[PDB]
Amino acid sequence: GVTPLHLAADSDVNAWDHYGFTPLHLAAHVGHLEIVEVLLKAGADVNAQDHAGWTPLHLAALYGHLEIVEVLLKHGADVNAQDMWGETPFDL
Amino acid sequence: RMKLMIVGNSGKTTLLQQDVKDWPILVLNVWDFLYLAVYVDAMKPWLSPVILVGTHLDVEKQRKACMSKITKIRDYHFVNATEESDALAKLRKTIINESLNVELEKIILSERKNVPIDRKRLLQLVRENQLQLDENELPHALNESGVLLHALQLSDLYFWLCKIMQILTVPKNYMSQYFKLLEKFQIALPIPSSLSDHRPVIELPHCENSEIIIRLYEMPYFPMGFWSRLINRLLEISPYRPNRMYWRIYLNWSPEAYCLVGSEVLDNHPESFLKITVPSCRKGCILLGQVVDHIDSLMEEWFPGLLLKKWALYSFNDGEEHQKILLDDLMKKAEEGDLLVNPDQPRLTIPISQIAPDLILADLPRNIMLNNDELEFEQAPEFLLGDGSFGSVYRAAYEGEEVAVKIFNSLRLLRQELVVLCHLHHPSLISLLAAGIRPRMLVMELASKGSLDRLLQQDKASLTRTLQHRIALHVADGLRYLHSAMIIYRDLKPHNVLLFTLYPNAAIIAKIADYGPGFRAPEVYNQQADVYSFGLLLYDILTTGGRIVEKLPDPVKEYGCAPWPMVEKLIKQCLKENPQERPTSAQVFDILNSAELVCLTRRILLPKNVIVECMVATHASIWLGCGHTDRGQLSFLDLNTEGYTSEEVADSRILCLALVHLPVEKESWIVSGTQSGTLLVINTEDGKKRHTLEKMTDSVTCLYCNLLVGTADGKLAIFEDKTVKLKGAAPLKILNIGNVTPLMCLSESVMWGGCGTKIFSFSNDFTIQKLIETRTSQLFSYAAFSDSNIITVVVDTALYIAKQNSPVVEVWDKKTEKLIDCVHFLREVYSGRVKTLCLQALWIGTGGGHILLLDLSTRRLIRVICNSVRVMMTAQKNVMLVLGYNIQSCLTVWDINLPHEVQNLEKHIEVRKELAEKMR
Ligand SMILES: Cc1ccc(C(=O)Nc2ccc(CN3CCN(C)CC3)c(C(F)(F)F)c2)cc1C#Cc1cnc2[nH]ncc2c1
């Protein structure tokens with residue numbers, strides 16, 4: 001239930017998999033800053049959510065990839081959005 | 001205020017001036033359809049007092065004769081005029097004298113009756129304060145005043161009044177309510193009630209006297225609405241093609257099965273006759289029995305009382321006039337023998353089965369008539385069953401098997417009970433064995449262990465948890481079945497629960513019986529009262545003694561029984577005071593038909609806004625590491641008294657906990673690994689005797705007792721169990737495996753562990769024996785999960801290993817050094833990411849509050865089961881502890897039998913259902 005864009009992000013722009021992770025989510029999760037920037041420049045949904053409510057900013061700041069956080073913020077992202085548990089990318 | 005009604009045959013509204021209206025006489029509401037009787041036979045069905053008044057007799061002695069025809073009623077008045085009568089003032093004075101000889105709701109009704117065509121309660125709350133009684137103020141309150149009328153389903157939220165009930169002349173919710181009311185008011189039937197008043201010409205059946213059974217009902221007066229009610233109820237008749245003709249019933253199914261239920265009157269007779277003509281064969285007598293049963297039910301429920309005479313017509317020889325004999329005489333003859341003999345020349349006789357085939361219980365189902373030879377039926381006094389507490393029941397033997405015999409002294413009750421019983425075949429309902437014709441009795445199967453009431457009173461030791469669940473589940477099944485057939489049990493009591501087998505895995509354990517008070521709903525019935533009674537019964541099952549020994553108190557606190565979560569909630573919701581909020585019996589059974597209902601021993605909720613990251617179990621009690629702040633708080637939760645305590649012991653968040661045991665000196669020290677890297681050793685006996693071991697370079701993330709310390713830099717430090725008590729103890733050796741790669745897993749079974757993305761093994765010599773790289777499994781799950789830290793390791797024959805923020809659990813063979821998807825299991829049956837594992841079966845606690853269960857052979861999903869899981873582990877009756885979050889912390893103590901018992905029930909119910917599939 002994944003598209004080659006999913007695998008490219010790991011190693012459609014908003015198509016989701018079993019876990020709700022769109023390419024963006026996985027790009028901000030693994031730590032590929034360039035892939036995140038490419039995806040936002042390609043028209044990504046910086047306000048998307050997975051099956052657990054996490055946003056691309058959530059995974060970007062969840063692992064310490066602050067450069068991806070800045071790239072998302074400069075591209076219309078919401079810094080106060082909440083997850084399933086109500087936490088924000090600022091919280092993580 | 002008062003209600004006045006015009007009754008009788010006929011000025012109607014002409015005499016009312018002296019359909020609903022208002023008139024002061026004190027103000028009254030007049031309905032033209034005390035009670036005023038306008039004057040000769042319609043007054044008897046009307047009979048609250050009735051006043052006789054002449055029908056404007058202005059057309060003398062004739063009026064007096066007509067009055068004395070019926071009078072020789074409260075009084076008589078000669079109002080002999082359509083207007084301005086001489087005695088009109090006298091009639092008004094008499095009516096005033098007769099009439100003279102929820103107040104808040106009455107006041108509020110004026111505002112209530114302001115609907116141009118539910119929300120009325122809001123109007124009762126906006127402009128009133130006492131109406132806040134709500135539940136206690138609206139139990140019956142409006143139908144008593146004829147305004148805003150409200151088992152009618154369309155009555156709770158429904159509130160044209162009586163004139164439209166208009167259909168006799170010729171909103172969707174309003175139309176549905178009108179249809180329901182017309183069905184209730186017997187104006188229209190779910191086959192009209194005013195079809196015709198002339199009996200249609202009937203077909204010609206067999207007219208032989210020896211071939212027909214004729215039952216006559218001589219009634220002096222016809223009650224009003226009798227025929228319409230009989231038409232409505234003479235429809236659920238079955239001989240196992242209803243060519244039905246309707247008039248003010250010719251129900252013929254076959255040339256040998258028909259009921260000619262009609263009414264008539266002879267020329268030389270002032271009363272009325274109801275005639276039933278049935279064929280005297282094997283099938284028609286069933287129809288006759290059903291028709292007699294329905295007529296008796298109508299004259300007992302709808303129209304109590306009514307002197308009614310029952311005759312049966314018999315002819316010794318064909319071609320002779322039918323001779324009518326009272327049913328009491330025929331019953332006496334059937335009790336004495338089975339032949340009616342002519343008193344004159346006693347040589348011609350006729351069996352009762354050919355005359356009154358309902359006094360000898362004739363034509364009962366083929367598999368049910370009692371064979372007088374096989375059964376013992378020895379109803380000797382003092383050879384009772386239950387010492388007579390079950391009525392007049394003794395013991396006997398039917399076909400070599402013991403049975404219970406109930407003697408019936410009075411034929412009405414036996415036939416009513418048999419008709420009730422012949423359509424109740426359920427695994428949880430006691431089943432009919434013998435009809436019991438000649439002794440006039442009823443024989444049932446026997447329960448060896450008495451009733452459940454006796455078990456709860458005395459034999460409490462043998463009643464285990466699974467036995468309680470099985471009894472309650474079977475009784476709920478029975479109640480649900482009873483309500484499925486629109487049958488209402490009176491009051492479900494422990495005395496009505498018979499126990500056959502005490503083996504917990506048997507298909508049937510408890511049964512419901514009714515051998516002809518405190519277990520009462522607040523409203524009293526209705527099935528909501530039955531659910532209330534079942535809630536009380538389950539309260540008395542969970543609490544073994546309970547209310548049968550002596551708004552309810554909490555069962556696990558008043559009586560001190562072992563806690564049973566998910567059953568106390570069911571009791572609470574069943575015993576809800578509002579009948580609309582009680583669950584239906586089907587829903588109650590589904591709640592009982594729960595795998596997690598039996599095993600869930602304990603459920604503890606921790607103080608609000610507390611975060612616990614790790615726990616350990618003493619061997620009951622639990623130590624917990626609070627992580628809702630930047631201070632190291634150690635909490636102590638007692639699983640018995642739920643005495644949650646906490647204290648600050650460290651300057652940094654406590655990350656891991658372990659328990660060193662020293663049987664040599666009988667010591668037990670809890671070691672706490674903190675974020676700053678300090679191992680805090682505290683004697684579990686007292687918190688004062690505490691110290692610290694050698695401080696680690698980085699955070700301490702895992703501790704195991706064999707004492708092994710895993711840090712955030714992979715520096716596994718080995719501590720001898722006897723040197724844990726040594727203050728500032730230095731480890732004998734340190735593996736130093738990994739890099740600045742946390743060592744977070746350590747398990748026994750040579751023993752193994754996990755750090756970063758590598759698995760290591762080592763023996764008693766404490767050096768690396770096997771190293772396995774777990775990033776080679778990136779083709780099965782992408783690098784977002786494999787490249788995470790390793791958080792859990794368990795072992796039986798292959799290492800089951802779980803990584804941080806990953807819903808995938810991997811399996812690695814311990815020999816060749818080389819796949820459970822939790823999202824798949826969750827979707828088939830919500831975050832998915834694995835937070836903890838444990839082993840016994842494999843238990844996987846995911847971040848969304850689910851606890852997946854797997855077998856250790858084929859990794860098959862058993863059950864998926866507070867919406868987070870932080871850590872699950874074993875403890876000791878072996879149990880499982882699970883900790884999760886809501887943030888409101890959650891502790892859940894299951895019975896480790898959980899993988900097995902929930903399987904049993906899955907088969908149990910099934911085989912039990914099979915019995916129903918065989919009982920139909
Ligand atoms: C000897 C005997 C005769 C009759 C019954 C009986 O109950 N029949 C019966 C009738 C009707 C109904 C259902 N109606 C519907 C609505 N009504 C308003 C309420 C109920 C039920 C149902 F069950 F469905 F409710 C059961 C039990 C025994 C027995 C026995 C026995 C067996 N074993 C034993 N061991 N020790 C003692 C002992 C005693």
# chains A, B, ... in the order shown; residues from 1 in each chain; ligands from 1
>>> residues_near_ligand(ligand="ligand 1", cutoff="7 Å", atoms="only C-alpha atoms and all ligand atoms", output="PyMOL selection string")
chain B and resi 385-386+390+393+404-406+417+420-421+424+429-430+442-451+482+487-490+498+512-515
>>> write_last_selection(atoms="N, CA and C atoms", output="compact mmCIF listing (two decimals), in the first residue's frame")
# COMPACT_ATOMS: atom_id res chain seq x y z
N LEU B 385 -39.06 -32.14 45.55
CA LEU B 385 -37.85 -31.61 44.94
C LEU B 385 -37.66 -30.19 45.43
N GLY B 386 -36.55 -29.95 46.11
CA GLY B 386 -36.36 -28.67 46.77
C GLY B 386 -37.20 -28.49 48.01
N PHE B 390 -40.10 -25.29 45.24
CA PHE B 390 -40.38 -25.16 43.82
C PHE B 390 -41.83 -25.46 43.48
N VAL B 393 -43.70 -29.94 43.38
CA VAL B 393 -42.81 -30.72 42.53
C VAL B 393 -42.16 -31.81 43.38
N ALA B 404 -38.64 -34.30 37.25
CA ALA B 404 -39.40 -33.55 38.23
C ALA B 404 -40.86 -33.49 37.80
N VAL B 405 -41.76 -33.84 38.72
CA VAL B 405 -43.19 -33.91 38.43
C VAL B 405 -43.90 -32.81 39.21
N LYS B 406 -44.72 -32.03 38.51
CA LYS B 406 -45.51 -30.95 39.12
C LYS B 406 -46.98 -31.29 38.94
N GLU B 417 -49.92 -22.86 30.81
CA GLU B 417 -48.49 -23.13 30.97
C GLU B 417 -47.95 -23.96 29.82
N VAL B 420 -47.56 -21.77 26.79
CA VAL B 420 -46.36 -20.95 26.95
C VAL B 420 -45.10 -21.78 26.67
N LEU B 421 -45.06 -23.00 27.19
CA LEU B 421 -43.84 -23.81 27.14
C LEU B 421 -43.59 -24.43 25.78
N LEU B 424 -41.06 -22.40 23.65
CA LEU B 424 -39.84 -21.91 24.29
C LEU B 424 -38.82 -23.05 24.29
N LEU B 429 -33.39 -22.43 28.76
CA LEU B 429 -34.76 -22.55 29.22
C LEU B 429 -35.07 -24.02 29.49
N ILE B 430 -35.64 -24.30 30.66
CA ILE B 430 -35.92 -25.69 31.03
C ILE B 430 -36.96 -26.25 30.07
N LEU B 442 -47.24 -32.14 35.02
CA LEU B 442 -46.27 -31.68 34.05
C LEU B 442 -44.89 -32.13 34.50
N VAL B 443 -44.16 -32.81 33.62
CA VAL B 443 -42.89 -33.44 33.96
C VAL B 443 -41.77 -32.76 33.19
N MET B 444 -40.71 -32.38 33.92
CA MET B 444 -39.57 -31.65 33.37
C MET B 444 -38.29 -32.40 33.69
N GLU B 445 -37.22 -32.01 32.99
CA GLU B 445 -35.90 -32.54 33.28
C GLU B 445 -35.40 -32.01 34.62
N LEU B 446 -34.50 -32.77 35.25
CA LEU B 446 -34.11 -32.53 36.63
C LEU B 446 -32.69 -31.99 36.72
N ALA B 447 -32.51 -31.00 37.59
CA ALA B 447 -31.21 -30.41 37.88
C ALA B 447 -30.69 -31.01 39.19
N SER B 448 -29.54 -31.68 39.11
CA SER B 448 -29.05 -32.43 40.26
C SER B 448 -28.62 -31.52 41.40
N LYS B 449 -27.99 -30.39 41.09
CA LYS B 449 -27.40 -29.53 42.10
C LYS B 449 -28.37 -28.50 42.66
N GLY B 450 -29.67 -28.74 42.54
CA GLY B 450 -30.62 -27.78 43.05
C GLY B 450 -30.64 -26.51 42.22
N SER B 451 -31.12 -25.44 42.84
CA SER B 451 -31.19 -24.14 42.19
C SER B 451 -29.97 -23.30 42.55
N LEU B 482 -36.13 -14.73 25.65
CA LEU B 482 -37.50 -14.46 26.08
C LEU B 482 -38.01 -13.16 25.49
N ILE B 487 -41.88 -11.99 24.88
CA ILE B 487 -42.37 -12.59 26.12
C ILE B 487 -41.64 -11.92 27.27
N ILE B 488 -42.39 -11.50 28.28
CA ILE B 488 -41.83 -10.75 29.40
C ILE B 488 -41.80 -11.66 30.61
N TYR B 489 -40.61 -11.87 31.16
CA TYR B 489 -40.48 -12.56 32.43
C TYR B 489 -40.92 -11.65 33.56
N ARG B 490 -41.57 -12.23 34.57
CA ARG B 490 -42.12 -11.41 35.65
C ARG B 490 -41.02 -10.79 36.50
N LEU B 498 -31.63 -22.82 37.87
CA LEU B 498 -31.32 -24.20 38.21
C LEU B 498 -29.95 -24.56 37.65
N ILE B 512 -33.46 -21.35 33.39
CA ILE B 512 -34.49 -20.51 34.00
C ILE B 512 -35.77 -21.31 34.14
N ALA B 513 -36.41 -21.20 35.30
CA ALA B 513 -37.66 -21.90 35.58
C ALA B 513 -38.68 -20.94 36.18
N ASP B 514 -39.95 -21.27 35.99
CA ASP B 514 -41.07 -20.48 36.50
C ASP B 514 -42.10 -21.45 37.04
N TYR B 515 -42.06 -21.66 38.34
CA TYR B 515 -42.97 -22.63 38.98
C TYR B 515 -44.29 -21.93 39.36
>>> interface_residues(of="chain A", to="chain B", cutoff="6 Å", atoms="only C-alpha atoms", output="count of residues only")
3
>>> atom_distance(atom1="CA of residue 739 in chain B", atom2="CA of residue 758 in chain B")
11.4 Å
>>> residues_around(residues="residue 91 in chain A", least_positions_apart="5", cutoff="9 Å", atoms="only C-alpha atoms", output="JSON, numbers by chain")
{"A": [58, 61, 62]}
>>> residues_around(residues="residue 43 in chain B", least_positions_apart="3", cutoff="9 Å", atoms="only C-alpha atoms", output="list in words")
residues 7, 8, 9, 37, 39, 40, 46, 47 and 50 of chain B
>>> write_last_selection(atoms="N, CA and C atoms", output="compact mmCIF listing (two decimals), in the first residue's frame")
# COMPACT_ATOMS: atom_id res chain seq x y z
N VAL B 7 -73.15 9.17 27.82
CA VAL B 7 -73.20 7.76 27.49
C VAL B 7 -74.65 7.37 27.20
N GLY B 8 -74.81 6.24 26.52
CA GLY B 8 -76.13 5.75 26.17
C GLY B 8 -76.32 5.56 24.68
N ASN B 9 -77.57 5.44 24.24
CA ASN B 9 -77.86 5.22 22.83
C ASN B 9 -77.60 6.48 22.02
N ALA B 37 -76.37 9.06 31.36
CA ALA B 37 -76.96 7.98 30.57
C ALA B 37 -78.30 8.46 30.02
N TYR B 39 -81.59 7.72 27.99
CA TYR B 39 -82.42 6.59 27.60
C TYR B 39 -82.97 6.77 26.19
N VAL B 40 -81.73 0.44 25.18
CA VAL B 40 -82.04 -0.01 26.53
C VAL B 40 -81.05 -1.08 26.97
N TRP B 46 -71.60 -0.21 29.09
CA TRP B 46 -71.04 0.99 29.68
C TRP B 46 -70.68 0.81 31.15
N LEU B 47 -71.27 -0.18 31.82
CA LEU B 47 -70.97 -0.45 33.22
C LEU B 47 -70.35 -1.83 33.40
N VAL B 50 -73.78 6.33 36.47
CA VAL B 50 -74.58 6.70 35.31
C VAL B 50 -75.91 7.24 35.80
>>> residues_around(residues="residue 92 in chain A", least_positions_apart="5", cutoff="12 Å", atoms="only C-alpha atoms", output="CSV table (one decimal) with N, CA, C and O atoms, in the first residue's frame")
chain,number,residue,atom,x,y,z
A,54,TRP,N,-0.1,13.1,13.6
A,54,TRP,CA,1.2,13.8,13.4
A,54,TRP,C,1.3,14.5,12.1
A,54,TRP,O,0.7,14.0,11.1
A,55,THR,N,2.0,15.6,12.1
A,55,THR,CA,2.2,16.4,10.9
A,55,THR,C,3.6,16.2,10.4
A,55,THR,O,4.5,15.7,11.1
A,57,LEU,N,5.8,18.5,10.2
A,57,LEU,CA,6.6,19.3,11.2
A,57,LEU,C,6.8,18.4,12.5
A,57,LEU,O,7.8,18.5,13.2
A,58,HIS,N,5.7,17.6,12.9
A,58,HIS,CA,5.8,16.8,14.0
A,58,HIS,C,7.0,15.8,13.9
A,58,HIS,O,7.8,15.7,14.9
A,59,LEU,N,7.1,15.1,12.8
A,59,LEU,CA,8.2,14.2,12.6
A,59,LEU,C,9.6,14.9,12.4
A,59,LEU,O,10.6,14.4,12.7
A,60,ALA,N,9.5,16.1,11.8
A,60,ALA,CA,10.7,16.9,11.6
A,60,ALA,C,11.3,17.3,12.9
A,60,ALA,O,12.6,17.2,13.1
A,61,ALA,N,10.5,17.9,13.8
A,61,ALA,CA,11.0,18.3,15.2
A,61,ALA,C,11.1,17.1,16.2
A,61,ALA,O,11.6,17.3,17.3
A,62,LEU,N,10.5,16.0,15.8
A,62,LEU,CA,10.5,14.8,16.7
A,62,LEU,C,11.9,14.1,16.8
A,62,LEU,O,12.1,13.4,17.8
A,63,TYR,N,12.7,14.3,15.8
A,63,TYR,CA,14.0,13.7,15.7
A,63,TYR,C,15.2,14.7,15.7
A,63,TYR,O,16.3,14.3,15.6
A,64,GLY,N,14.9,16.0,15.9
A,64,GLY,CA,15.9,17.0,16.0
A,64,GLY,C,16.3,17.6,14.6
A,64,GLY,O,17.4,18.3,14.6
A,65,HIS,N,15.6,17.3,13.6
A,65,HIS,CA,15.9,17.9,12.3
A,65,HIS,C,15.3,19.3,12.1
A,65,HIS,O,14.2,19.5,11.5
A,66,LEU,N,16.0,20.2,12.8
A,66,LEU,CA,15.4,21.6,12.8
A,66,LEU,C,15.5,22.3,11.5
A,66,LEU,O,14.7,23.2,11.2
A,69,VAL,N,12.4,21.6,9.9
A,69,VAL,CA,11.4,22.4,10.6
A,69,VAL,C,11.3,23.8,10.0
A,69,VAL,O,10.3,24.3,9.7
A,79,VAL,N,2.6,25.9,12.9
A,79,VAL,CA,3.5,25.4,14.0
A,79,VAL,C,2.8,25.1,15.2
A,79,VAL,O,3.4,24.6,16.2
A,80,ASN,N,1.5,25.3,15.3
A,80,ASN,CA,0.7,25.1,16.5
A,80,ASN,C,-0.4,24.0,16.2
A,80,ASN,O,-1.3,23.8,17.1
A,81,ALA,N,-0.3,23.2,15.1
A,81,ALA,CA,-1.2,22.1,14.9
A,81,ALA,C,-1.0,21.0,15.9
A,81,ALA,O,0.1,20.8,16.5
A,82,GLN,N,-2.1,20.3,16.2
A,82,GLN,CA,-2.0,19.2,17.2
A,82,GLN,C,-2.2,17.8,16.6
A,82,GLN,O,-2.7,17.7,15.5
A,83,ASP,N,-1.7,16.9,17.3
A,83,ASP,CA,-1.8,15.5,17.0
A,83,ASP,C,-2.9,14.8,17.6
A,83,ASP,O,-3.8,15.5,18.2
A,85,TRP,N,-2.8,13.1,20.3
A,85,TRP,CA,-2.7,13.3,21.8
A,85,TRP,C,-2.7,14.8,22.1
A,85,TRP,O,-2.5,15.2,23.3
A,86,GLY,N,-2.8,15.7,21.1
A,86,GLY,CA,-2.9,17.1,21.3
A,86,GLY,C,-1.6,17.8,21.3
A,86,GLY,O,-1.6,19.1,21.4
A,87,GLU,N,-0.5,17.1,21.2
A,87,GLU,CA,0.8,17.8,21.2
A,87,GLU,C,1.1,18.5,19.9
A,87,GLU,O,0.5,18.1,18.8
>>> select_by_dssp(residues="range 369-599 of chain B", states="strand (DSSP E)", output="ChimeraX atom specification")
/B:393-397,402-407,432-434,441-445,497-499,510-512
>>> residues_around(residues="residue 672 in chain B", least_positions_apart="5", cutoff="12 Å", atoms="only C-alpha atoms", output="PyMOL selection string")
chain B and resi 614-616+623-626+632-635+649-660+677-684+690-693+695+699-704+707+709-710+724
>>> select_by_dssp(residues="range 1-88 of chain A", states="helix (DSSP H, G or I)", output="PyMOL selection string")
chain A and resi 4-10+23-30+33-41+56-62+66-73
>>> atom_distance(atom1="CA of residue 65 in chain B", atom2="CA of residue 6 in chain B")
23.2 Å
>>> residues_around(residues="residue 439 in chain B", least_positions_apart="2", cutoff="10 Å", atoms="only C-alpha atoms", output="list in words")
residues 335, 372, 377, 379, 406, 407, 408, 409, 436, 437, 441 and 442 of chain B
>>> write_last_selection(atoms="N, CA and C atoms", output="compact mmCIF listing (two decimals), in the first residue's frame")
# COMPACT_ATOMS: atom_id res chain seq x y z
N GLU B 335 -61.71 -36.79 34.29
CA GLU B 335 -60.92 -37.14 35.47
C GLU B 335 -61.23 -38.55 35.95
N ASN B 372 -48.04 -43.37 29.96
CA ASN B 372 -48.32 -43.69 31.36
C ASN B 372 -47.49 -44.85 31.88
N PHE B 377 -43.88 -41.21 37.91
CA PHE B 377 -44.86 -40.19 38.30
C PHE B 377 -45.35 -40.39 39.74
N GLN B 379 -46.00 -39.29 42.81
CA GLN B 379 -46.07 -38.00 43.49
C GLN B 379 -46.39 -38.16 44.97
N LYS B 406 -44.72 -32.03 38.51
CA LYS B 406 -45.51 -30.95 39.12
C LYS B 406 -46.98 -31.29 38.94
N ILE B 407 -47.69 -31.47 40.05
CA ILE B 407 -49.09 -31.87 40.03
C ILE B 407 -49.96 -30.62 39.96
N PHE B 408 -50.89 -30.60 39.01
CA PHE B 408 -51.86 -29.53 38.88
C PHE B 408 -53.18 -29.98 39.50
N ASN B 409 -53.68 -29.21 40.45
CA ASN B 409 -54.92 -29.56 41.14
C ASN B 409 -56.13 -29.40 40.22
N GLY B 436 -48.32 -35.00 30.93
CA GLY B 436 -48.98 -35.20 32.20
C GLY B 436 -50.49 -35.12 32.13
N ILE B 437 -51.11 -36.06 31.41
CA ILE B 437 -52.53 -35.96 31.09
C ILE B 437 -53.40 -36.46 32.23
N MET B 441 -50.68 -33.31 35.31
CA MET B 441 -49.40 -32.87 35.85
C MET B 441 -48.50 -32.45 34.70
N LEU B 442 -47.24 -32.14 35.02
CA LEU B 442 -46.27 -31.68 34.05
C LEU B 442 -44.89 -32.13 34.50
>>> closest_atom_pairs(of="range 67-88 of chain A", to="range 24-29 of chain A", cutoff="12 Å", atoms="only C-alpha atoms", output="CSV")
residue,atom,partner,partner_atom,distance
A:67,CA,A:28,CA,10.0
A:68,CA,A:28,CA,6.7
A:69,CA,A:28,CA,8.6
A:70,CA,A:28,CA,11.6
A:71,CA,A:28,CA,10.4
A:72,CA,A:28,CA,9.5
>>> atom_distance(atom1="CA of residue 432 in chain B", atom2="CA of residue 366 in chain B")
12.4 Å
>>> closest_residue(among="A:73, A:56, A:89, A:18", to="residue 31 in chain A", atoms="only C-alpha atoms")
A:56
